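Peer 1: experimental structure and sequence below.
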Amino acid sequence: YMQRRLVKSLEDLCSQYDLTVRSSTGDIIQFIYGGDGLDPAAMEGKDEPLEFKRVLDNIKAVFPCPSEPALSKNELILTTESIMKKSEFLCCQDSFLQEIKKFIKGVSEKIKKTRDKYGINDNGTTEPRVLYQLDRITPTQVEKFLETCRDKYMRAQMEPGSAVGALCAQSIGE
Amino acid sequence: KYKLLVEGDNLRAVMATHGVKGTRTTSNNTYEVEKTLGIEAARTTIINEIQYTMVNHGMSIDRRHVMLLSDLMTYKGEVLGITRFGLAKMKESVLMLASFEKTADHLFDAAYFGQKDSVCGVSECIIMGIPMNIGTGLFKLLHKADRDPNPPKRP
Amino acid sequence: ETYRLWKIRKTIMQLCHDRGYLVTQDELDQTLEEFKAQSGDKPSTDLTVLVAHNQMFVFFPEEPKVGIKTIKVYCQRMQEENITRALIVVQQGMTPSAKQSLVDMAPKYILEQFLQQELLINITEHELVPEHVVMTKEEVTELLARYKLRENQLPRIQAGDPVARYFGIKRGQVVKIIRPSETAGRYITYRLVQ
Amino acid sequence: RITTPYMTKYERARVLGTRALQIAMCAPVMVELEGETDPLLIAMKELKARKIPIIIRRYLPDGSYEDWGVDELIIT
Amino acid sequence: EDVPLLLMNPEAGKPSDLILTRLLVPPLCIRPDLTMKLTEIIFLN
Amino acid sequence: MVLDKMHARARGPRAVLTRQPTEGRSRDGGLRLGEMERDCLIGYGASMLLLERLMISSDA
DNA sequence: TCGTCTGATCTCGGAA
DNA sequence: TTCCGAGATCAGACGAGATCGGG
RNA sequence: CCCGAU
C-alpha cells in the first residue's frame, strides 16, 4: 500500500530541459534536481560523483608516462590552473570545481611532504633516480585527470525528462 | 555532555524555557516543526527523519531521493502528507485523483464543478492512451529531409 | 526569570534589525546586567519601542489576554503618531474576538501579533531554519525571467508561516532561501508567499 | 543553445525508436548495410555512423524550443 | 447570475439537473445484473 | 511440473464485456501487467512502450 | 476491523 | 443583560501488496 | 469463494 500511495502522487514529475523539476501542471517543485542536478544512480559512494582518490590512482596506472619530468608543487598547482580555465569547465558549477581544487592542493601538499623528507627537485635530477617515483603526478596524467573528472561529472547529471519522482517512489518503497 | 529528550509535542513551549538553547532543538513530529519553526525546518525534518530511520535499518539511500520527496511534500504552503487527502491538495486533474482512492466522490464532485482537466501527467495519458510526456515523450522529433519555404510564382 | 523580559527585547531588536530599521548596535546587544537597571521593578508598561526605517511600534501589554479595549488603548496613539506598522507581543494570546479587530482594520495599520514564548527564541538563528531573505521587486523580475516562470508556479510559503510572520511579509512577495548543504552550502531556493 | 549537449538516454531511445520504424517501412538507408535484417540493428549502425535524418525538438517547459541535430550531439 | 457562485460552470451544467426526472439507461454492449436493477425501476415506475 | 504451468498467449479470446484478454490459462490466458509494473515502466521513462503495452496490444 | 480526518453541536467568557 | 465568537466534545466515513493455479 | 504457488 505504501508503494501505491507513494507512486500515485510522485509519478508525474520529470526534470525538464532547463534543469528544473516541475509537476505536471507546470508548478516548480525543485529548481535544480537535488541541488546539483545529479543522478543518484550514476552517483559514486559518499553521494559524490567522483571519489577523486580512486580516479587519480586509476589515471596514474592506466597512463604511467615514463621519460616524463613529473615535477610538482611548483608546476602542479600551475598546470591545474592553466588547464582548468582553458576553453572548458564552464558547465562545471563551481562547487564541484572547488572540490577538484581542494583535492589537487591536497595532493599537492602530499608531494612536498615526501620531498621534505628527502630528494630535492632542483631540476628533477638527484643521483638515486628512483626517488622521483615516490609521488609521480606527471603532467600528462593531471590533464587526463581533469578531462576525466570533468566528463565523469558531466555524464552523471540528471538526464532531462527522467521520471524523477518515479525513481523516488521506487527508491523509498523498495 | 548532557542533553535531554522529551516524549511530548508542545515544541515552542519547550524551546522557550530557561536553560535550553532553543536554537539547537529538533523534533521528530514534522507537523510541530511546521507550526512552530516555519516550513523550511519542516522540510529538513522530513529529510532527516526519513534519512534517520533509513540508516537505522541498514538500507542506504541517496539523499537526492529524500530531497525530492520532502520538497514535493512541502511546496504548496504547508506540509501535504501523501495520503488520500494530501493528493487532493496536490493535484488538479480528476482522473489522477479518480484512479487513486475515493473514485465515487472524486468523479461526482468534479462533475458538480465544471471541471475542465487537461490530459497530462501519466495517470491520465495511460488511461486515455496518449504517449505520456514524462520521459521519452518530453521532446518531439523532426525530420531532416530536403525542404525550404520556397518563392511563389508571379500572378 | 528576567531571561525573558530581556531576551524578548533582545529578540525584537534582532527582529526589527532584520526587517531593515535603524537600531544602533549598542542598543541591540544587552547582557542581563545592562537590563538589571529595571530588573526588580517589572516583576513586582515601561517597555515600548518606536524605530524607523532606513516605523514600527511594538507593544508588551501586561494583560495576559489582550482584549479589544486593550488594543483600543493604542488604536488612538497609533493614528496620533501617524505610524503605520505596529507589533503586539502578548503574554498568553489574543481573545478570539480581538484577532478580527486586526483584520477589520487591515489596510490602514498593520499591527502584527506575536506570542511571548514564540518570541523567546530567535528562529532565524535556529540551526534548522535557513537564511530567508526577502527579495526586492526587481529581484523577482530577474528570477521569473531566468526560469521563464509566471509569478505563480513558484514553490509557496504560507503568509502565517513563522518565518514569514517574522520577516513581516505581505502576499505577493518572494523570499530567497539559502539552504545549506554539504557539497555546496549554497543550495538556493525561492518561495512565493501566499 | 542552453540545454545539455549530451544525447540523453531518452533521446537515444526514441531516435532509435523511430529510425527503426522508419527503416521498417522501406526508408532509404544511410549506412550501406552489411546483411542486418533486424531494423533496430540497422539504426544503431546509423547512429554510430552519425547519419540519421532526425532533428530533436527539445521543449523548454515555458513553451520555447531549441532544435538539435543528431549529428550535433555527443552520444555515449 | 447565481449559477457560477455555486461554482457550477454553467457551460457544463446548471443546478436543475442534480436530480433525476429522466434517466439514461446504459447501452446493452456494456452489460452483456445491472439490467436487473433497471427493470426493477420500470416495475416501480 | 512445468507442463501444467507453461503458458503463452499470442492472440486469442477477449472477454465479452471489456474486450481485454481473459484471465487464466484454461481460457488461453493473458497475464495482467499490473499497476505496480506500470510504475516500473514509468520510472524507466519508456513512454512509447506504455502506449504499446497498454493500448496497442491490449485494447486497440 | 479499528484506524483515521471532518464538521456538527454545546458552554463558559469577554466585549459594548 | 446581552451574546457573538470560539475551544471542546461525538459520529461518520472508506482505506488497507502483487500476481499465478485448480476445483 | 476456498485451496495452493511465489
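Peer 2: In hand now; what should we look at? Numbers count the residues shown, from 1 in each chain, chains lettered A, B, ... in the order given.

Peer 1: look up phi and psi at the closest residue to residue C:74 other than its chain neighbours.
Peer 2: Closest residue in space to residue C:74, ignoring its immediate chain neighbours: residue C:59 at 6.4 Å, by CB to CB, 6 or more residues apart in numbering or on different chains. In short, each C-beta sits where N, CA and C put it, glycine included. When read as degrees, to the nearest 10, the backbone of residue C:59 gives phi -140, psi 140.

Peer 1: could you tell me how far the strand ranked longest in chain B lies from the centre of the chain?
Peer 2: Identified as the longest strand of chain B according to DSSP state E is strand B:140-143. With CA atoms, centre = their mean, to the nearest Å as the basis, strand B:140-143 stands 32 Å off its chain's centre.

Peer 1: what residues sit buried inside that strand?
Peer 2: residue B:141 (16 or more other CB atoms under 10 Å in any protein chain shown).

Peer 1: quick check: residues of chain E near DNA strand G?
Peer 2: Within chain E, no position lies close to DNA strand G (CB under 7 Å from any atom of the strand).

Peer 1: which residues in chain E form helices?
Peer 2: E:35-44 (DSSP state H).

Peer 1: enumerate every residue touching residue D:24.
Peer 2: residue D:39 (CB atoms under 8 Å, 6 or more residues apart in numbering or on different chains).

Peer 1: any idea how chain C splits into domains?
Peer 2: For chain C, the structural domains run C:1-121, C:122-194, going by curated CATH domains.

Peer 1: got the residues of chain B near chain D?
Peer 2: Applying CB under 8 Å from any CB of the partner chain, one finds that chain B approaches chain D through B:135-136, B:138-145.

Peer 1: now, which of the residues you listed sits nearest residue D:1?
Peer 2: Nearest to residue D:1 among those is residue B:139, at 15.8 Å by CB to CB.

Peer 1: okay, and the residue nearest to that closest one when sequence neighbours are not counted sits in which element?
Peer 2: Nearest non-adjacent residue to residue B:139, counting by CB to CB, 6+ apart: residue D:58, 5.1 Å away. If you go by DSSP states H and E, residue D:58 is part of strand D:54-59.

Peer 1: which one is residue 7 nearest to, not counting chain neighbours?
Peer 2: You didn't say which chain, so I picked chain A. Residue A:7's closest residue in space is residue A:169 (CB to CB, 6+ apart), at 3.8 Å.

Peer 1: my bad, chain F
Peer 2: residue F:25 (4.6 Å).

Peer 1: wait, is that neighbour part of a helix?
Peer 2: No: going by DSSP: H, G, I helix; E, B strand; the rest coil, the assignment for residue F:25 is coil, not a helix.

Peer 1: ok, and what's touching the helix or strand the residue nearest to residue A:7 falls within?
Peer 2: Using DSSP H and E, the element containing residue A:169 is helix A:164-173. Residues from elsewhere that reach helix A:164-173, judged by CB under 8 Å, 6+ apart: A:2-3, A:6-7, A:10-15, A:21, A:33, A:40-41, A:158, B:50, B:61-62, B:65-66, B:68-69, B:72, B:134, F:39-40, F:42-43.

Peer 1: how about it, does it get close to DNA strand H?
Peer 2: No: Helix A:164-173 stays clear of DNA strand H (CB under 7 Å from any atom of the strand), getting no nearer than 10.6 Å.

Peer 1: that helix: which residues count as buried?
Peer 2: A:164-172.

Peer 1: what's the longest helix anywhere in chain A packed up against?
Peer 2: In chain A, assigned by DSSP H, the helix with the most residues is helix A:96-117. For helix A:96-117, the packing partners by 3 or more CB pairs under 8 Å, 6 or more residues apart in numbering or on different chains; DSSP states H and E come out as helix A:52-62, helix A:76-82, helix A:141-155.

Peer 1: buried stuff in it?
Peer 2: A:96-97, A:99-100, A:103-104, A:107-108, A:111, A:115.

Peer 1: what about the residue nearest the centre of chain D, distance to DNA strand H?
Peer 2: Centroid check for chain D by CA atoms, centre = their mean gives residue D:15 as the closest residue, at 3.4 Å. As judged by CB to the nearest atom of the strand, to the nearest Å, residue D:15 and DNA strand H stand 32 Å apart.

Peer 1: do the same with residue F:1
Peer 2: 12 Å.

Peer 1: residues contacting residue A:21?
Peer 2: Residue A:21 neighbours (CB under 8 Å, 6+ apart): A:13-15, A:28-33, A:164, B:68.

Peer 1: wait, the residue nearest to the centre of chain D sits on residue B:142?
Peer 2: No: Residue D:15 is not in contact with residue B:142 according to CB atoms under 8 Å; the separation is 11.0 Å.

Peer 1: any common contacting residues for the two?
Peer 2: D:54, D:56.

Peer 1: what sits against the residue in chain C that chain E sits nearest to?
Peer 2: Residue of chain C nearest chain E, by CB to the nearest CB: residue C:152 (20.1 Å). Residues near residue C:152 by CB under 8 Å, 6+ apart: A:27, C:192.

Peer 1: what do you get if the cut-off is 6 Å, keeping everything else the same?
Peer 2: By CB atoms under 6 Å, 6 or more residues apart in numbering or on different chains, the contact list for residue C:152 is empty.

Peer 1: what does residue E:32 give?
Peer 2: F:16-17.

Peer 1: what residues does chain B put near chain A?
Peer 2: Chain B comes close to chain A at residues B:62-65, B:67-69, B:71-72, B:75, B:82, B:87, B:92, B:100, B:120-122, B:134-135, B:138, as judged by CB under 6 Å from any CB of the partner chain.

Peer 1: is it true that residue C:159 touches residue C:194?
Peer 2: Yes: Residue C:159 is within contact range of residue C:194, at 5.3 Å (criterion: CB atoms under 6 Å).

Peer 1: shared neighbours of the two, which are they?
Peer 2: Counting by CB under 6 Å, 6+ apart, nothing touches both residue C:159 and residue C:194.

Peer 1: show me where chain B has its helices.
Peer 2: Ranges of helices within chain B are B:11-15, B:30-36, B:40-56, B:63-73, B:84-88, B:94-98, B:103-112, B:125-128, based on DSSP H.

Peer 1: what about residue B:71, distance to residue B:80?
Peer 2: Distance of residue B:71 to residue B:80, computed by CB to CB, to the nearest Å: 12 Å.

Peer 1: could you check which residue of chain B lies nearest DNA strand G?
Peer 2: Nearest residue of chain B to DNA strand G: residue B:85, at 5.0 Å (CB to the nearest atom of the strand).

Peer 1: I should have written chain F there, sorry.
Peer 2: Counting by CB to the nearest atom of the strand, chain F gets nearest DNA strand G through residue F:35, at 20.7 Å.

Peer 1: and for residue A:21, nearest residue in space, chain neighbours not counted?
Peer 2: Nearest non-adjacent residue to residue A:21 (CB to CB, 6+ apart): residue A:30, at 4.2 Å.

Peer 1: hmm, residue B:71 and that neighbour touching each other?
Peer 2: Yes: the criterion here is CB under 6 Å, and residue A:30 meets it with residue B:71 at 5.3 Å.

Peer 1: re earlier: out of residue B:71 and residue B:80, which sits in the more crowded spot?
Peer 2: residue B:71 (22 against 18; other CB atoms under 10 Å in any protein chain shown).

Peer 1: mind checking the SS state of the single nearest residue of chain F relative to chain D?
Peer 2: Taking CB to the nearest CB, chain D has its nearest neighbour within chain F at residue F:45, 5.1 Å off. Following three-state DSSP, the label given to residue F:45 is coil.

Peer 1: now swap in the one 5 residues further on and tell me
Peer 2: Secondary structure, three-state DSSP: residue F:50 is helix.

Peer 1: I figured it hits residue F:39, correct?
Peer 2: No: Residue F:50 is beyond contact range of residue F:39, at 10.5 Å (criterion: CB under 6 Å).
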